[PDB]
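Chains as they are written, first to last, in the deposited numbering: chain D, 1 to 240; chain O, 80 to 133; chain E, 33 to 196; chain J, 2 to 61; chain C, 1 to 380; chain N, 1 to 380; chain K, 2 to 53; chain R, 2 to 78.
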Amino acid sequence: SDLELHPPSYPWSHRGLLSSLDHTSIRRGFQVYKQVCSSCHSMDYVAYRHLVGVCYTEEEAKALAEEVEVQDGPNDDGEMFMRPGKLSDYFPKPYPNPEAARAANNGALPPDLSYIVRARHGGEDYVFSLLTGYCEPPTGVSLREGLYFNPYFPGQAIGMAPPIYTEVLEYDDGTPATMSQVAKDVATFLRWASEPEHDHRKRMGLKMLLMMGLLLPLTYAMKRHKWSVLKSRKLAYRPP
Amino acid sequence: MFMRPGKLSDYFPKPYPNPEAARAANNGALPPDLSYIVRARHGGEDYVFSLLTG
Amino acid sequence: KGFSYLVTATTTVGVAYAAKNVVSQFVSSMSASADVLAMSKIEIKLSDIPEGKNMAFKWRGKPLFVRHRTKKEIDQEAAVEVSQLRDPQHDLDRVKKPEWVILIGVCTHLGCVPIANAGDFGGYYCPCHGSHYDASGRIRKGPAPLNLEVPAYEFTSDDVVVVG
Amino acid sequence: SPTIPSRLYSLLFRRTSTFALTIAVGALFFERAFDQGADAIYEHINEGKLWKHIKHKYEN
Amino acid sequence: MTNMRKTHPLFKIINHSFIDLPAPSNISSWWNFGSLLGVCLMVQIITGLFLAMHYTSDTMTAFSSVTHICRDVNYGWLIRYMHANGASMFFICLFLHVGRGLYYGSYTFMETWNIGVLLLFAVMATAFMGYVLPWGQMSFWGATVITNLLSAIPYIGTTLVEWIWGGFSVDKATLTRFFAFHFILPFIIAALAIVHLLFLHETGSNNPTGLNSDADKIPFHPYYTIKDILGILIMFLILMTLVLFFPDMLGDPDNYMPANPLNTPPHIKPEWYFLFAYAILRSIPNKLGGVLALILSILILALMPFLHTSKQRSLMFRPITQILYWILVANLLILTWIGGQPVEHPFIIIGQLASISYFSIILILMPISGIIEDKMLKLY
Amino acid sequence: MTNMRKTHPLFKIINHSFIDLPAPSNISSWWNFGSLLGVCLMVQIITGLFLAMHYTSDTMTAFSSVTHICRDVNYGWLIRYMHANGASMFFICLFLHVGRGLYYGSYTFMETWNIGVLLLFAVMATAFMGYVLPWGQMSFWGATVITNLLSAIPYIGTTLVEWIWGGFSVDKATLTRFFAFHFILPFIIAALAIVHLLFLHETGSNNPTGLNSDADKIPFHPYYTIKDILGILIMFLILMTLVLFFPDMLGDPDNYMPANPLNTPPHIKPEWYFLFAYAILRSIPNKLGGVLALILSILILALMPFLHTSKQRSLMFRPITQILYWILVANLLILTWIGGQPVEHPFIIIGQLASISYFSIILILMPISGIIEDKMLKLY
Amino acid sequence: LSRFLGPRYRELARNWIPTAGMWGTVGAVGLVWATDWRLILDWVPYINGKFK
Amino acid sequence: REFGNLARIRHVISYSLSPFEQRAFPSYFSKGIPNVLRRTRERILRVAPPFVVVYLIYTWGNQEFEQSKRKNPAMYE
Ligand SMILES: CCCCCCCCCCCCCCCCCC(=O)OC[C@H](COP(=O)(O)OCCN)OC(=O)CCCCCCCCCCCCCCCCC
Ligand code: HEC
Ligand code: HEM
Ligand code: HEM
Ligand code: HEM
Ligand code: HEM
Ligand code: FES
């Protein structure tokens with residue numbers, strides 16, 4: 001069906017004009033991605049050097065980097081070798097080529113989840129609606145194997161089974177990991193991964209708003225001051 | 080990956096995948112690429128002829 | 033006139049602050065990026081360096097030679113006086129660990145790197161203008177105005193060394 | 002009794018060099034004061050969410 | 001002792017063109033848009049210069065380089081979003097410039113108007129090449145669409161577009177040559193804008209009343225200097241609040257994906273003004289006809305000064321042509337919205353009705369409106 | 001009817017600048033080198049535009065892109081060698097330009113001379129960065145060398161070099177930013193050449209006799225039109241025989257290998273047009289002293305109008321100063337040869353003697369020769 | 002050469018010393034404001050606090 | 002600054018022919034080679050000897066560099 005379902009406008013903590021992201025939610029959604037979403041989707045542009053100072057500290061992000069292995073080379077004899085990853089390394093791709101991704105995911109290519117919020121219309125609302133909108137198909141359509149109903153995906157048939165559910169992972173801070181909580185956390189994390197400049201951009205926006213609200217009346221004051229001699233000028237015509 | 084017969088568009092095949100393997104398999108010295116070596120060595124073809132016959 | 037010039041002064045202060053922030057932001061964009069700062073930390077150099085050999089890597093961007101200093105070379109550097117050079121430099125002050133000595137190949141005349149295992153001093157030879165350096169990194173014969181710099185390093189257990 | 006802008010004109014604004022000097026000094030002080038004010042407004046409107054707010058839970 | 005401001009040659013040129021330039025006193029905020037366009041051109045020159053300092057033009061690394069600018073480069077996100085939203089602001093100011101000229105009869109300056117049309121050509125080409133530069137999905141597909149439109153030309157188009165492509169499709173040669181052309185073209189824009197200002201300076205500016213403004217002239221300094229500064233600040237306000245609060249309001253989401261020659265988006269929606277061009281293309285159902293329709297829809301501004309049949313210059317005292325002009329702005333907006341919308345009913349029929357209305361208003365209805373106005377005012 | 005050539009604004013500007021420009025009748029072939037410099041500038045613009053049209057600025061792909069231009073692209077090898085030999089002929093024309101300026105007393109036009117000096121700085125910077133562009137071994141190593149000579153400045157040099165590197169050494173950021181700067185800066189050169197010609201038109205043109213040429217002046221067209229056309233044709237003879245017969249004799253063989261940071265070149269040297277400055281900076285055995293010697297050795301050209309202590313303008317009737325001038329030209333040839341040669345005996349002492357004699361002639365010997373000349377002619 | 006060595010030029014010069022010196026102080030404070038010198042800005046009683 | 006006025010010239014008469022009436026190379030060799038020889042004679046002595054001593058010290062530097070690279074048998078014992 002060419003008709004599509006417009007995702008609703010959820011009231012995010014970062015939805016406000018001057019409101020930043022919840023970094024605790026960014027952290028929680030990060031281990032959501034790591035323990036759930038990293039086995040299929042790649043992350044080619046987010047690194048641990050971007051992880052530091054936002055949601056994890058430097059030592060935690062370093063150890064979290066060395067918990068995974070990274071191929072590096074060339075060797076002294078001229079080969080590859082596996083070494084513990086560091087803060088400079090990017091996030092490990094699950095598959096080497098998109099052909100292997102389509103082979104492991106029966107012909108469907110999982111896109112890179114580093115610009116998915118800025119790439120899909122609706123953004124984090126679309127991601128939350130996609131992850132929480134899984135339901136049985138209505139009477140009238142039959143979907144073959146490997147395809148699942150989702151009214152928010154265009155074409156209504158998605159190559160994903162529902163990835164998240166109640167207690168799909170264990171949060172480190174003791175927050176109850178319900179499906180809605182997990183989806184909200186991973187949507188906030190995906191928003192951060194798509195736009196890491198969010199908090200700095202909004203702080204600079206507050207600075208710009210205050211400075212130009214200070215400057216525009218003053219610049220208009222100088223404009224009207226220099227233009228006053230014309231705007232109060234009086235003309236007289238005195239022919240003989 | 081797989082192997083296939085070479086077409087016209089293929090370049091000449093490198094005998095070593097990386098220069099480190101070339102150095103390790105040819106006792107340290109790295110053989111330079113002979114695509115700009117006449118233009119890159121002083122003397123040019125004279126230097127190549129003298130080096131090979133000298 | 034004081035009121036009008038005060039309005040003008042506050043406007044000029046605001047514009048000056050904005051212009052300074054803009055130019056500072058663009059100059060910061062000119063400078064090194066986050067990946068370049070992240071790559072300035074050196075990983076483990078391991079123990080692949082052979083006996084009496086020098087390995088060249090990328091430390092602080094520049095080429096860095098980590099050389100296994102032989103006992104004879106260390107004895108020669110100790111026998112070479114510190115006051116006999118242009119600058120006061122000793123082998124023990126230059127190298128904390130005498131087994132392996134890590135230096136940066138940045139000459140003090142044109143910022144060149146020296147040729148590994150060459151020269152008349154048994155150490156390095158800068159070939160841009162032909163300067164000889166001993167095993168301690170001090171210049172003996174050449175146009176180098178200063179000695180070779182040694183990057184700051186921290187050594188863990190014997191298989192782990194960090195530079196930069 | 003000279004007024005406040007009267008004293009500013011008599012001391013600083015009449016000479017152009019002193020005008021530029023007080024412009025630069027006010028640029029320094031306004032730069033820092035506005036930085037403190039804007040930052041304070043930012044973390045008050047976003048208190049409890051930033052990394053500088055949740056930092057102490059993992060630093061120590 | 002002599003006055004250096006009229007003695008020194010660079011200083012006397014600056015004095016005669018920007019300092020003691022006699023200007024009409026009554027020009028409104030619509031006359032700030034030329035200075036806004038020049039300021040935005042300089043802003044894009046500097047900003048894209050920094051972008052090219054941090055950007056590489058190669059298909060497997062263009063998107064990666066853009067992401068590296070956004071993430072690793074300090075304030076590179078600010079630089080790139082300034083570039084994009086400033087291109088949007090540049091086209092806003094350009095359209096308001098053209099609308100000012102159309103409303104106030106500034107097209108009677110024939111040479112200045114024709115140089116302005118050339119500037120519009122160069123700016124649209126530059127912005128198209130800049131839009132294809134980040135190598136997104138919509139960037140690549142819009143490039144293929146526009147080049148196929150160029151291929152609609154008979155007996156030349158196929159070879160011409162294989163020539164422009166540097167091959168048989170949009171590829172590395174096309175991306176690199178488009179990077180070179182996009183980097184270089186605003187300097188031709190700046191030189192031709194110097195020619196634009198020279199042709200304007202030969203005859204002086206135009207007042208909103210359309211009358212002889214030599215009776216009441218003021219120097220450009222400090223009146224229009226401080227007015228232009230205020231206009232620059234307002235334009236910076238709009239641009240910077242766009243960049244720092246709505247950086248994707250005027251953007252495109254499908255541009256944030258890597259370009260795929262196999263996969264295609266369900267919709268091809270370029271930027272606003274190219275949406276207008278796409279709708280005036282999609283109006284009539286033939287390739288060569290649509291190409292000529294787009295070409296005439298842009299050249300119709302150059303054709304405008306020959307259509308002035310009225311005895312009055314500006315539209316300040318012409319109320320019927322005011323209604324026709326605002327209906328023209330109305331179906332400009334309508335055609336932009338149709339270019340945004342997909343191809344179904346009633347977007348089709350609204351499209352060709354808007355296209356016929358636009359062309360008939362500019363060709364037929366406006367000089368007839370001027371004739372009717374003159375015969376009401378006993379001038380015909 | 002009107003005379004369109006002198007009534008049309010752009011056309012009357014062109015007519016007053018280049019058609020009906022009153023030029024001296026007796027100016028020799030040394031006066032063609034300004035037009036040759038402009039034509040070489042345009043040739044560099046077009047040819048480098050095609051090179052950047054087919055060029056990728058990334059360390060993984062710079063050398064491979066140059067090989068792709070030279071081999072795969074249709075006659076892109078001819079484009080590249082035209083670019084390189086046109087840069088070399090640009091410096092040949094620049095050296096003969098400043099030779100005319102020094103010999104014929106053309107530095108009395110102080111504004112024009114200073115604009116030319118800063119133009120020389122800009123051209124040198126562009127050519128250095130364009131030599132960085134192909135990412136050869138000697139290319140990268142010369143970039144490192146010249147930037148460390150910039151790092152010789154105390155307390156500012158290290159941070160400013162880390163700033164201009166885009167990092168910690170010469171890397172991808174340095175190569176890409178040098179590409180952007182090298183693309184863009186010839187247009188600033190073109191604008192400054194417009195300013196150069198504007199100042200020259202204000203001050204008039206000089207003759208080899210150094211006298212007032214107003215008694216005998218002829219229009220620029222057709223005389224100097226066909227003279228400059230013949231000069232362009234001879235320039236194309238030299239440029240094309242260098243391109244098509246000896247493409248590498250002014251080049252560098254070590255530039256035809258990929259840049260290896262581990263392997264240093266055995267003998268490093270910049271290009272032939274940097275050799276005198278490189279030789280003098282080798283001659284002074286100090287970092288800050290050497291870089292200051294380079295900067296002041298190019299700034300003595302700006303210092304030239306303050307060293308004119310003669311009542312005769314041109315050197316046509318001043319034989320002692322002609323002898324000193326030809327000794328000076330000989331000294332620049334010695335400096336070029338020494339900069340080519342390595343640091344061995346006796347090249348150090350020859351370089352120091354050459355630099356000392358060069359500065360002594362240009363600062364001390366020439367004004368004393370002029371004063372002696374005036375005394376011999378009994379002017380006081 | 003000897004144009005600027007006389008009593009009139011000397012008293013013009015010493016009249017212009019306070020203005021030129023004040024302009025030099027303006028240039029110095031503007032340059033240190035633009036470049037943020039630690040060596041100067043760590044001694045003023047306010048601006049040093051934000052460096053920490 | 003334009004051709005309307007640049008200088009005050011009085012009592013000066015200039016004659017010229019048409020380029021279509023006079024030749025383009027009138028005695029190009031016979032009256033041209035002595036002119037080149039005259040110019041060379043005028044400016045040969047104040048130009049050449051700097052380049053002559055360039056050649057001299059260039060040859061001296063080359064042979065002295067070659068002699069320095071040449072070994073010195075100071076090893077007999
Ligand atoms: C006839 C009206 C008389 C009104 C009298 C009011 C009282 C007058 C005395 C008191 C003064 C009150 C204030 C006066 C304000 C200025 C005067 C004024 O408003 O005049 C009426 C105005 C201009 O009158 P005029 O142009 O002479 O009308 C000729 C008929 N065309 O004309 C108008 O306002 C009428 C405008 C109608 C426009 C309709 C447009 C419909 C179609 C729009 C299509 C847009 C494009 C859509 C897409 C197309 C493609 C799909
Ligand atoms: C392996 C089973 C995966 C898991 C775990 C996750 N994703 Fe996925 N994703 C996968 C495939 C095979 C596809 C393509 C399916 C198709 O029909 O095209 C996707 C696609 C997405 C998308 C894109 C949807 C769109 O409209 O373009 C999104 C936004 C998405 N997936 C979200 C997502 C998230 C947030 C995940 C972590 C909780 C996640 N997926 C896990 C494969 C797999
Ligand atoms: C990059 C784009 C452009 C720049 C930088 C530019 C520059 C300028 C400037 C600075 C002015 C003076 C301001 C004013 O008179 O209001 C001006 C006026 C003018 N412009 Fe443009 N212009 C551009 C594009 C155009 C276009 C697209 C057109 C027409 C289709 C045009 C036609 C005119 C005309 C006719 C005037 C005279 C207005 C008058 O006399 O009041 N220009 N231009
Ligand atoms: C000399 C001036 C300019 C230079 C050097 C320049 C350079 C660049 C570069 C390198 C890019 C790609 C970087 C990126 O997209 O992230 C780009 C993008 C772009 N350019 Fe330019 N440009 C210039 C002028 C202009 C002008 C005048 C316009 C429009 C009128 C324009 C419109 C665009 C657009 C729309 C993009 C796409 C931005 C995006 O996709 O987010 N550019 N430019
Ligand atoms: C870099 C690009 C340059 C260009 C495109 C350029 C262009 C020109 C042109 C077209 C002329 C007129 C030709 C003539 O009058 O004989 C000229 C003359 C002149 N140039 Fe340049 N020039 C450049 C660099 C320089 C330099 C490096 C200098 C000196 C350091 C310089 C100083 C002069 C002077 C003094 C004249 C006047 C000659 C006379 O009056 O006879 N220019 N230039
Ligand atoms: C807008 C003007 C120019 C552009 C776009 C341009 C472009 C380029 C490009 C893309 C390259 C690298 C390609 C290659 O070397 O194979 C290059 C190299 C070079 N450029 Fe330019 N250039 C311009 C003007 C100049 C000028 C004015 C000069 C010197 C006066 C110059 C000197 C050089 C030199 C010497 C090289 C080295 C060529 C080689 O080593 O093979 N360029 N240029
Ligand atoms: S750079 Fe090392 S000896 Fe000169």
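All residues carry an ideal CB built from backbone N, CA and C; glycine is no exception.
For residue j and residue i, believed in contact at Cβ under 8 angstroms, the rounded distance
{"i": "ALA143(N)", "j": "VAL170(N)", "result": "5 angstroms"}
{"i": "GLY16(D)", "j": "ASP185(D)", "result": "Actually they do not touch by this definition, with Cβ atoms about 19 angstroms apart."}
{"i": "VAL343(N)", "j": "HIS164(E)", "result": "13 angstroms between Cβ atoms; not a contact."}
{"i": "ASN32(C)", "j": "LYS227(C)", "result": "7 angstroms"}
{"i": "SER139(N)", "j": "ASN255(N)", "result": "6 angstroms"}
Per-residue contacts from residue i into chain D (C-beta, under 9 angstroms)
{"i": "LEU9(J)", "result": "Those within 9 angstroms of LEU9(J) in chain D number zero; the least Cβ separation is about 16 angstroms."}
For residue i: DSSP bridge partner residues
{"i": "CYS158(E)", "result": "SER163(E)"}
{"i": "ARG99(E)", "result": "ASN86(E), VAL133(E)"}
{"i": "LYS217(C)", "result": "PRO24(C)"}
{"i": "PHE149(D)", "result": "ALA157(D)"}
Residue i: contacting residues in chain O (beta-carbon distance under 7 angstroms)
{"i": "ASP254(N)", "result": "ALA119"}
Neighbour list for residue i in chain K, Cβ cutoff strictly below 8 angstroms
{"i": "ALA41(J)", "result": "Those within 8 angstroms of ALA41(J) in chain K number zero; the least Cβ separation is about 13 angstroms."}
Beta-carbon neighbours of residue i, restricted to chain D and to distances below 7 angstroms
{"i": "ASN97(O)", "result": "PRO74, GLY78"}
Counted within 10 angstroms of its Cβ, other Cβ atoms place residue i as buried (16 or more) or exposed
{"i": "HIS12(R)", "result": "exposed"}
{"i": "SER142(D)", "result": "exposed"}
{"i": "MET376(N)", "result": "exposed"}
{"i": "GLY7(K)", "result": "exposed"}
{"i": "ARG40(R)", "result": "exposed"}
{"i": "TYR81(N)", "result": "buried"}
8 angstroms Cβ cut-off: residues of chain J touching residue i
{"i": "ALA48(E)", "result": "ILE24, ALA25, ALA28"}
Under 9 angstroms by beta carbon: chain J residues contacting residue i
{"i": "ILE48(K)", "result": "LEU29, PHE30, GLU32, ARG33"}
Proximal residues of chain R, C-beta to C-beta of residue i below 7 angstroms
{"i": "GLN312(N)", "result": "Residues of chain R passing the Cβ test: none, with the nearest at roughly 16 angstroms."}
Within chain D, the residues that residue i reaches when beta carbons sit closer than 8 angstroms
{"i": "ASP191(E)", "result": "What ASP191(E) touches in chain D: nothing, since even the nearest Cβ is about 13 angstroms away."}
{"i": "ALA100(O)", "result": "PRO74, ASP77, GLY78, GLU79"}
Extract the residue ranges of the alpha helix (DSSP H) inside the segment 8 to 54 of chain R, only unbroken runs of 4 or more that lie entirely within it. 34 to 43
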